[PDB]
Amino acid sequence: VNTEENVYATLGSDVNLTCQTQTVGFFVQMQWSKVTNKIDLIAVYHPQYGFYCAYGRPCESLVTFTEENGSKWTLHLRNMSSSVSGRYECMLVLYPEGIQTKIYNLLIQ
């Protein structure tokens, strides 16, 4: 609903930030974004309209949606550096559960 979590990793590490949720009805939309001075949108998924990668075409291994009306909204980060460190927020719009939010503060040591 509104959770903050600290994630610790090193240089060259692999991490999958997963937002797990369940709906009584259906999933409306879901997104991944990095929050700093501005909200920089990474990816958006809609069950009807599909995926949308804000950046380049090779975004196949960047996000995954694993579908009982249960889901796993995952953001994949591989061979990470100090520039990848920051706050990553996921927003899950569910019907009629509403908006769920989870903020992951990724720290590279």
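Quick note: we count residues from 1 along the sequence shown, nothing fancier.
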Gap size, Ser61 back to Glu60 (deposited sequence, no coordinates) | none
For 23-31 versus 68-76, entry-based mean Cα B-factors point to 68-76
Which has the higher mean CA temperature factor in the PDB entry, 42-50 or 78-86?
-> 78-86
Taking the entry's C-alpha B-factors for this chain, is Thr10 in the lowest, middle or highest third?
-> highest
